[PDB]
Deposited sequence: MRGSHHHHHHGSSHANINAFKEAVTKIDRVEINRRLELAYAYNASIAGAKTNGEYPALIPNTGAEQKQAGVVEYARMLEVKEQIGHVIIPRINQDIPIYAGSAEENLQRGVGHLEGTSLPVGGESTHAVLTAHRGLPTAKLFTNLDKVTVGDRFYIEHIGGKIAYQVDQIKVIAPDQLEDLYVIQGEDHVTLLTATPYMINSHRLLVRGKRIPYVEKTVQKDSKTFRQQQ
């Protein structure tokens, strides 16, 4: 899992990593640029191929709830079973001006806690993402509960850099979605 990712990435030269991020940066700019054109966001395929190392696109760490979990491309059930699903149609989770990454998961599973305690994360709490290019930090600036049908909160916000953690709610009813939103912040690597 994560281990096979950290070690795998460490074996890839700078130039290749660079090339792969640049693909993802361009992909994120396309998504943000369609949004500015008043275009609608559409929320076996390799849209995030460039970011995959051992089938994963990164992992999400959340110290408040002791979770460190691998991110898979796409919101497909078989992925949602082993970790986080990245929502196709939303920014790839490498940061940048005008990016909004969205990651989903099951809020409770006999095999993995996953986002079962996401309701404990509070504004001001931090979460991190490790990807091929390294590690970036977010601080929670918004917590919201929407209907499954309400999509506006998941679109790119021009000028901003965000990632939304999403899961079903209330616990055991799962009739609405809970969104825990982070704002990009600086991250002091040697710490």
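Visitor: No C-alpha coordinates anywhere in a stretch? Then put that deposited-sequence range on the list, in order along the chain.
Guide: Going by the record, the segments left unmodelled (no C-alpha atoms) fall at 1 to 15, 59 to 70, 219 to 230.
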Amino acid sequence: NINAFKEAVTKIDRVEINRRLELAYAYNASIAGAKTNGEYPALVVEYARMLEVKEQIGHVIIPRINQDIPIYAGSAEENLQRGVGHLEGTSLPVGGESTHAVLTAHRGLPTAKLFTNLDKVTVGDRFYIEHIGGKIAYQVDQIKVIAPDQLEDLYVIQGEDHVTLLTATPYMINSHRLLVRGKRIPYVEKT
From here on, numbers count along this sequence of modelled residues.
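Visitor: Looking only at CA atoms, which has the higher mean B factor in the entry: 138 to 146 or 29 to 37?
Guide: It is 29 to 37.
Visitor: Going by the average Cα B-factor in the PDB entry, point out whether 51 to 59 or 155 to 163 comes out higher.
Guide: For C-alpha atoms only, the mean B-factor is higher in 51 to 59.
Visitor: Looking at 19, 181, 11, 177, which one carries the largest C-alpha B-factor according to the PDB entry?
Guide: Going by the entry's C-alpha B-factors, 11 comes out highest.
Visitor: Once the chain's modelled residues are ordered by C-alpha B factor and cut into thirds, is residue 129 in the lowest, middle or highest one?
Guide: It belongs to the lowest third of the chain when residues are ordered by C-alpha B-factor.
Visitor: Within this chain's modelled residues, let me know which third the CA B factor of residue 84 belongs to: lowest, middle or highest.
Guide: As the PDB entry reports it, the C-alpha B-factor of residue 84 lands in the middle third of its chain.
Visitor: Split the chain's modelled residues into thirds by Cα B-factor; is residue 97 in the lowest, middle or highest one?
Guide: Lowest third of the chain for residue 97's C-alpha B-factor.
Visitor: Place residue 112 in the lowest, middle or highest third of its chain's C-alpha B-factors, as listed in the PDB entry.
Guide: Within its chain, residue 112 is a highest-third residue by C-alpha B-factor, going by the deposited values.
Visitor: Taking only the Cα B-factors deposited for this chain, tell me whether residue 168 sits in the lowest, middle or highest third.
Guide: Within its chain, residue 168 is a middle-third residue by C-alpha B-factor, going by the deposited values.
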